[PDB]
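Novice: Before I ask anything, here's the sequence and the deposited coordinates:
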Amino acid sequence: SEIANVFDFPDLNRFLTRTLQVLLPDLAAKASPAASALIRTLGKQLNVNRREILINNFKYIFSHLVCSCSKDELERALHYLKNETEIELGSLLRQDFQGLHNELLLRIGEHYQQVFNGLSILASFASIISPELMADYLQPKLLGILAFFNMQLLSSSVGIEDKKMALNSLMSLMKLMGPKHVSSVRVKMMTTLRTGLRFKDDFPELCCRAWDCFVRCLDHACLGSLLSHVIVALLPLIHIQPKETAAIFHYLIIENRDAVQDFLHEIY
């Protein structure tokens, strides 16, 4: 209620949910009977089982832990949580390991290695240390990952700067994909580029490099359509910074000049 008096929220319970989202990772880190007691108190006030509450976030919890946690500490915390929840922590993963991959990939840019370990553990449950095996694993999950990115974009609650970080992660992901998969996901890549274009004057400065990738990361043989879209989007981007756009253009124009033939014809 105090934090509420500082944060002025209409209904104290929705404000409590706001708090609880952040609280849950903290509780996970604790993995102590007293932490379970705090959670039980919150749920008692919440009217929702603290067990089921801990459950609901277990998915986000895994991601943020794997990113920032001690592996051994991770397993200890997971078992502690499971016992209270009455659900095996592993059994819950069997239901949302794909969403976990989505999360990690979201944070993959900054926690590349933690993403590795998590996705590997999940692949084991599915049926990885090698980068190519990690990729093969990611390929089926990344469509839903993109879906999650767009879902976040839709939500007002989600932060936009967070979308920017995720966009950087997406540059990393385009790199990791390789041409075979970048071909399949080119459309969604251009879609994400659009989305980011929606937010400007902060997203432009990173999204320019994002687009440089988007072009090069995209397969060399065909770039006309995406270049149409890109010149379109970039003309506005130029006003923010003239040079990044031009660099993106030049990569296509010269590096893909043989393809750029009749592509120029495309857009005057």
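Specialist: Here it is on my side, so go on. Residues are numbered from 1 along each chain as shown.

Novice: Point me to the helix or strand that includes residue 231.
Specialist: helix 224-240 (DSSP states H and E).

Novice: ok, now residue 219?
Specialist: For residue 219, there is no host helix or strand (DSSP H and E).

Novice: Next up, the contacts around the residue nearest to it when sequence neighbours are not counted.
Specialist: Of all residues not flanking residue 219 in the chain, residue 179 sits nearest, at 4.5 Å (Cβ to Cβ, 6 or more residues apart in numbering). To be clear about C-beta, it is placed using only N, CA and C from the backbone, and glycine gets the same treatment. With contact set as Cβ atoms under 8 Å, 6 or more residues apart in numbering, residue 179 has these partners: 218-220.

Novice: Please identify, among the residues you listed, the one with the most neighbours.
Specialist: Neighbour counts for those, by other Cβ atoms under 10 Å, peak at residue 218, which reaches 23 neighbours.

Novice: Look up phi and psi at that residue.
Specialist: phi -70, psi 150 (degrees, to the nearest 10).

Novice: Might one say that it is in contact with residue 182?
Specialist: Yes. Applying Cβ atoms under 8 Å as the test, residue 218 and residue 182 come out as touching, 5.7 Å apart.

Novice: list the buried ones in stretch 5-19?
Specialist: 9, 15-17 (16 or more other Cβ atoms under 10 Å).

Novice: what's the span of stretch 1-19, first residue to last?
Specialist: This stretch, stretch 1-19, spans 11 Å end to end (Cα to Cα, to the nearest Å).

Novice: Would you mind listing the outside residues contacting it?
Specialist: Residues contacting stretch 1-19 (Cβ under 8 Å, 6+ apart): 42, 45-46.
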